[PDB]
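In structure tokens, one chain follows: the form deposited in one PDB entry.
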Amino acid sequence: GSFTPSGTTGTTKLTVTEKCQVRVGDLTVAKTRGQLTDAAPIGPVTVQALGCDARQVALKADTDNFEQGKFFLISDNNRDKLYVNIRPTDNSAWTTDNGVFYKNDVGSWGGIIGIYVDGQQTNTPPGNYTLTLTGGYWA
């Protein structure tokens, strides 16, 4: 099948720091690299489909947020990666296919996707990281 973009885009942001951490300006979600242990939560992403009674709901990551079957937040330097797993909170069945995370069943799903650290990465370089997901459907 293939992804058809049809929806809005959610960006999950995380600033990764060392132990001595200097917050400058507006409050922003930050973690020290020591907090990037396996399964550590990064954040939730709300998803609400409508008009999808006969389509499989899908999310597509930006090109700089995936490599084959793996997802990652990408540093603002465009290089450094923070690998993550993406999981619905209702434990419904989804499939990953080259940047696309799509629901196995048709229907206008409403849910919450959690983004978690995939494998211990406590040596991740400091930086401002982002994962960008766009709604659509899989056919």
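Position 1 is the first residue in the sequence shown; the rest follow in order.
Just so you know, the form solved in complex with a small molecule exists too; it's not on screen, but the next bit is about it.
- Residue contact with the small molecule in the entry with it bound: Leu131 places no heavy atom within 4.5 Å of it.
- Looking at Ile42, you'd find a heavy atom of it within 4.5 angstroms of the small molecule in the entry with it bound.
- Looking at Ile112, you'd find a heavy atom of it within 4.5 angstroms of the small molecule in the entry with it bound.
- At a distance threshold of 4.5 angstroms between non-hydrogen atoms, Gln48 is out of contact with the small molecule in the entry with it bound.
- The contact with the small molecule in the entry with it bound, taken as any heavy atom within 4.5 Å, belongs to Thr89 out of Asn77, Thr89, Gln68, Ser108.
- Residues of just one listed stretch (55-63, 98-106, 68-76, 34-42) have heavy atoms within 4.5 Å of the small molecule in the entry with it bound: 34-42.
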